[PDB]
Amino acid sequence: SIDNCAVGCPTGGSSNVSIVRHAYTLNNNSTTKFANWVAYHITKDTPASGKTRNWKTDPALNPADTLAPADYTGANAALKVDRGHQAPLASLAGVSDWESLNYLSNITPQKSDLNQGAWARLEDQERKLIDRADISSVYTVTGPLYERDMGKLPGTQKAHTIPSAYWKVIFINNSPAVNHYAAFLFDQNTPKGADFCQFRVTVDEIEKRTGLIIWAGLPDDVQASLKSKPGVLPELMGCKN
């Protein structure tokens, strides 16, 4: 009964079953050990600050198909990666099953510079949208990309594939068919001081590089015309041109 997608969750994910929670809907990849995509719905009631971070193995998944807290041991030192959230903590921590935002199925090893730079900045702006009087929902779908070998976590013997990039597709209110939207894509190697506005892309580009079909419940003509046109939602997030 929880729709975190509004216009159809993505198709093309490796699992045929997705986990549905108030915090988000997620489709896990048992080979890479990271979710293929995470869809969430921010509203005036979902943000919450100051919640703690108790990393934990997702109890809804088989332990062999996801990572455990022990698997990240030595990762920051070896790879300079942080435990980065797919669905953001602060934007959604007000929901009833908020601890699930810290389940490792909702985390990936994200380079600190990206995590603490452009990515955090986009999270801040995405959350601020909900403060606008006429904006009542923010629907986001986010996920990783796997384009080049990024190495391996040193503290685990599990087969996993560290993402080389991350993307986020966002629209407000009801549907991209009538409402402003945006898509961003950042490579793991994005410098710490990078301006997130420099990474606007089309949804089509994301689809082609991930094998997914986002906003899959939209009429074909709407999908055809809007997926190849960068949106204007970033202009409300402080970007120009």
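Numbers for residues come from their place in the sequence shown, where the first is 1.
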Next item on the list: State which stretch shows the higher mean Cα B factor in the entry: 229-237 or 10-18.
Entry: 10-18
Item checked: Stretch with the higher entry mean CA B-factor, where the candidates are 187-195 and 66-74 -> 187-195
Notebook entry, point to check: Looking at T142, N106, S137, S112, which has the highest CA B-factor as recorded?
Noted result: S112
Checklist line | Per the PDB entry, maximal CA B factor within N102, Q86, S91, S96 | finding: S96
Notebook entry, point to check: Which third of the chain does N173 land in by C-alpha B-factor: lowest, middle or highest?
Noted result: middle
Check: Taking the C-alpha B-factors as the PDB entry records them, is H180 in the lowest, middle or highest third of its chain?
Finding: lowest
Notebook entry, point to check: Within this chain, which third does the Cα B-factor at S164 fall in: lowest, middle or highest?
Noted result: lowest
Check: Considering only modelled residues of the same chain, in which third does the CA B-factor of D58 rank: lowest, middle or highest?
Finding: middle
Next item on the list: Ordered by C-alpha B-factor within the chain, which third holds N28? Give me lowest, middle or highest, please.
Entry: lowest
